[PDB]
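Content type PDB, C-alpha atoms, from the file my_file01.pdb:
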```
ATOM      1  CA  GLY C   1      -8.826  11.611   5.353  1.00  0.00           C
ATOM      2  CA  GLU C   2      -8.876  12.863   1.774  1.00  0.00           C
ATOM      3  CA  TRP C   3      -8.775  10.228  -0.916  1.00  0.00           C
ATOM      4  CA  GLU C   4      -7.451  10.161  -4.474  1.00  0.00           C
ATOM      5  CA  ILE C   5      -6.505   7.596  -7.110  1.00  0.00           C
ATOM      6  CA  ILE C   6      -2.880   7.606  -8.203  1.00  0.00           C
ATOM      7  CA  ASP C   7      -1.471   5.530 -11.166  1.00  0.00           C
ATOM      8  CA  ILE C   8       0.519   2.326 -11.013  1.00  0.00           C
ATOM      9  CA  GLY C   9       3.879   3.478 -12.270  1.00  0.00           C
ATOM     10  CA  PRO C  10       7.336   2.998 -10.598  1.00  0.00           C
ATOM     11  CA  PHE C  11       6.394   4.636  -7.220  1.00  0.00           C
ATOM     12  CA  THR C  12       3.430   2.322  -6.774  1.00  0.00           C
ATOM     13  CA  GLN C  13       5.375  -0.715  -8.072  1.00  0.00           C
ATOM     14  CA  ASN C  14       7.936  -0.114  -5.278  1.00  0.00           C
ATOM     15  CA  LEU C  15       5.132   0.139  -2.717  1.00  0.00           C
ATOM     16  CA  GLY C  16       3.807  -3.261  -4.009  1.00  0.00           C
ATOM     17  CA  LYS C  17       7.328  -4.720  -3.633  1.00  0.00           C
ATOM     18  CA  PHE C  18       7.612  -3.270  -0.067  1.00  0.00           C
ATOM     19  CA  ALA C  19       4.285  -4.945   0.851  1.00  0.00           C
ATOM     20  CA  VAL C  20       5.430  -8.374  -0.446  1.00  0.00           C
ATOM     21  CA  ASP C  21       8.765  -8.005   1.399  1.00  0.00           C
ATOM     22  CA  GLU C  22       7.013  -7.074   4.624  1.00  0.00           C
ATOM     23  CA  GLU C  23       4.495  -9.901   4.278  1.00  0.00           C
ATOM     24  CA  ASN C  24       7.358 -12.360   3.689  1.00  0.00           C
ATOM     25  CA  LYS C  25       8.702 -11.349   7.094  1.00  0.00           C
ATOM     26  CA  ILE C  26       5.343 -12.240   8.589  1.00  0.00           C
ATOM     27  CA  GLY C  27       5.054 -15.614   6.860  1.00  0.00           C
ATOM     28  CA  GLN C  28       1.294 -16.132   6.895  1.00  0.00           C
ATOM     29  CA  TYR C  29       1.184 -16.882   3.148  1.00  0.00           C
ATOM     30  CA  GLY C  30       4.575 -18.634   2.859  1.00  0.00           C
ATOM     31  CA  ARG C  31       7.234 -17.113   0.628  1.00  0.00           C
ATOM     32  CA  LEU C  32       5.891 -14.702  -2.004  1.00  0.00           C
ATOM     33  CA  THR C  33       7.468 -13.023  -5.019  1.00  0.00           C
ATOM     34  CA  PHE C  34       6.165  -9.819  -6.514  1.00  0.00           C
ATOM     35  CA  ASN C  35       4.454  -9.891  -9.842  1.00  0.00           C
ATOM     36  CA  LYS C  36       2.416  -6.720 -10.443  1.00  0.00           C
ATOM     37  CA  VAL C  37       0.320  -3.896  -9.057  1.00  0.00           C
ATOM     38  CA  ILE C  38      -2.996  -3.332 -10.873  1.00  0.00           C
ATOM     39  CA  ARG C  39      -5.457  -0.439 -10.856  1.00  0.00           C
ATOM     40  CA  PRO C  40      -7.061   1.123  -8.765  1.00  0.00           C
ATOM     41  CA  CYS C  41      -4.448   2.332  -6.303  1.00  0.00           C
ATOM     42  CA  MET C  42      -5.873   4.677  -3.599  1.00  0.00           C
ATOM     43  CA  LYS C  43      -3.940   7.184  -1.505  1.00  0.00           C
ATOM     44  CA  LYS C  44      -5.413   8.498   1.695  1.00  0.00           C
ATOM     45  CA  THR C  45      -3.969  11.666   3.244  1.00  0.00           C
ATOM     46  CA  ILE C  46      -4.571  11.986   7.002  1.00  0.00           C
ATOM     47  CA  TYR C  47      -4.435  15.487   8.533  1.00  0.00           C
ATOM     48  CA  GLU C  48      -3.851  16.584  12.119  1.00  0.00           C
ATOM     49  CA  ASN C  49      -3.959  19.923  14.017  1.00  0.00           C
ATOM     50  CA  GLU C  50      -4.613  22.890  11.612  1.00  0.00           C
ATOM     51  CA  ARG C  51      -4.738  20.986   8.323  1.00  0.00           C
ATOM     52  CA  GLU C  52      -1.170  19.667   8.828  1.00  0.00           C
ATOM     53  CA  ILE C  53      -0.437  16.345   6.985  1.00  0.00           C
ATOM     54  CA  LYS C  54       0.145  13.609   9.558  1.00  0.00           C
ATOM     55  CA  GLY C  55       0.743  10.769   7.039  1.00  0.00           C
ATOM     56  CA  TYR C  56      -0.651   8.688   4.165  1.00  0.00           C
ATOM     57  CA  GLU C  57      -2.090   5.262   3.564  1.00  0.00           C
ATOM     58  CA  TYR C  58      -1.937   3.482   0.174  1.00  0.00           C
ATOM     59  CA  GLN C  59      -4.431   0.755  -0.710  1.00  0.00           C
ATOM     60  CA  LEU C  60      -3.006  -1.564  -3.312  1.00  0.00           C
ATOM     61  CA  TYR C  61      -4.039  -4.599  -5.316  1.00  0.00           C
ATOM     62  CA  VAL C  62      -0.946  -6.732  -5.678  1.00  0.00           C
ATOM     63  CA  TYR C  63      -0.302  -9.980  -7.582  1.00  0.00           C
ATOM     64  CA  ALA C  64       2.339 -11.953  -5.695  1.00  0.00           C
ATOM     65  CA  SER C  65       3.152 -15.559  -6.673  1.00  0.00           C
ATOM     66  CA  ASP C  66       0.126 -15.387  -9.013  1.00  0.00           C
ATOM     67  CA  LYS C  67      -2.448 -14.708  -6.243  1.00  0.00           C
ATOM     68  CA  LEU C  68      -4.149 -11.316  -5.904  1.00  0.00           C
ATOM     69  CA  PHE C  69      -3.877  -9.616  -2.524  1.00  0.00           C
ATOM     70  CA  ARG C  70      -5.123  -6.314  -1.086  1.00  0.00           C
ATOM     71  CA  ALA C  71      -2.296  -4.538   0.830  1.00  0.00           C
ATOM     72  CA  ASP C  72      -2.570  -1.310   2.886  1.00  0.00           C
ATOM     73  CA  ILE C  73       0.622   0.660   3.642  1.00  0.00           C
ATOM     74  CA  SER C  74       1.106   3.659   5.928  1.00  0.00           C
ATOM     75  CA  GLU C  75       3.728   6.291   5.417  1.00  0.00           C
ATOM     76  CA  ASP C  76       4.450   8.726   8.230  1.00  0.00           C
ATOM     77  CA  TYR C  77       4.798  12.297   6.938  1.00  0.00           C
ATOM     78  CA  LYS C  78       7.580  13.371   9.285  1.00  0.00           C
ATOM     79  CA  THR C  79       9.810  10.311   9.241  1.00  0.00           C
ATOM     80  CA  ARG C  80       8.705   9.037   5.778  1.00  0.00           C
ATOM     81  CA  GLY C  81       8.698   5.601   7.453  1.00  0.00           C
ATOM     82  CA  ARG C  82       6.511   2.956   5.827  1.00  0.00           C
ATOM     83  CA  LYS C  83       4.666   0.182   7.636  1.00  0.00           C
ATOM     84  CA  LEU C  84       2.561  -2.707   6.303  1.00  0.00           C
ATOM     85  CA  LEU C  85      -0.898  -2.328   7.864  1.00  0.00           C
ATOM     86  CA  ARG C  86      -2.624  -5.341   6.329  1.00  0.00           C
ATOM     87  CA  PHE C  87      -2.182  -7.840   3.566  1.00  0.00           C
ATOM     88  CA  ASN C  88      -5.161 -10.058   2.762  1.00  0.00           C
ATOM     89  CA  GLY C  89      -6.252 -12.387   0.112  1.00  0.00           C
ATOM     90  CA  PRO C  90      -6.645 -13.904  -2.370  1.00  0.00           C
ATOM     91  CA  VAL C  91      -9.273 -11.349  -3.244  1.00  0.00           C
ATOM     92  CA  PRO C  92     -11.344 -11.145  -6.478  1.00  0.00           C
ATOM     93  CA  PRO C  93     -10.084  -8.665  -9.178  1.00  0.00           C
ATOM     94  CA  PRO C  94     -11.722  -5.205  -8.926  1.00  0.00           C
TER      95      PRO C  94
END
```

Representation of the structure as structure tokens:
Amino acid sequence: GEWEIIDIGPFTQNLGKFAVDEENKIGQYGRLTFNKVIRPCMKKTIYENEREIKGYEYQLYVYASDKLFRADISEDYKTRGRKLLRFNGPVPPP
């Protein structure tokens, strides 16, 4: 895809919250509460057919219950539906 850094304002904060809510449904790390999203946040755009946008993926660093996790989120272009792809950690700060 094509990659860019985006900042960590309200849009990205709500993506961090979405990731913690989705991970809480999974349960592998017990019950988490969102604390913060830190830099860098990466956005991948995926293209299909003749340079048509198929969707996005956002790579986030997220503090939840004081532990730092790496979360990857997909967003389908047509439906705007979001899905948690992976949530791993604790990871060292970037």

- prompt: Pick from C:58, C:34, C:29, C:11: nearest to residue 84 (chain C), with all atoms listed in the file counted?
  reply: C:58

- prompt: Could you write out as an MDAnalysis selection string the residues that the PyMOL selection byres ((chain C and resi 19) around 12) matches in the shown file?
  reply: chainID C and resid 12:18 20:26 32:37 58:64 69:74 82:88

Minimum-distance residue to residue 94 (chain C), chosen among C:27, C:44, C:68, C:56 (using only C-alpha atoms):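 Selected residue with least distance to residue 94 (chain C): C:68.
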
Mind working out the centre and edge lengths of an axis-aligned box for region 48-62 of chain C, all listed atoms inside, 4 Å added to each side, rounded to one decimal in Å and written as lines of an AutoDock Vina configuration file?
```
center_x = -2.0
center_y = 8.1
center_z = 4.2
size_x = 13.5
size_y = 37.6
size_z = 27.7
```

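In this structure, CA of residue 6 (chain C) sits 19.0 Å away from CA of residue 54 (chain C).
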
query: Separation of CA of residue 81 (chain C) and CA of residue 47 (chain C), in Å?
result: 16.5 Å

task: Just the residues within 10 Å of residue 7 (chain C), please, counting all atoms listed in the file, with nothing from its chain fewer than 6 positions along; format it as a PyMOL selection string.
output: chain C and resi 13+37-42

Distance criterion (all atoms listed in the file): nearest to residue 89 (chain C) out of C:67, C:75, C:30, C:2: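 Between C:67, C:75, C:30, C:2, the residue approaching residue 89 (chain C) most closely is C:67.
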
Selection dump of the PyMOL selection byres ((chain C and resi 46) around 10), as a ChimeraX atom specification: /C:1-3,43-45,47-48,51-57,76-77
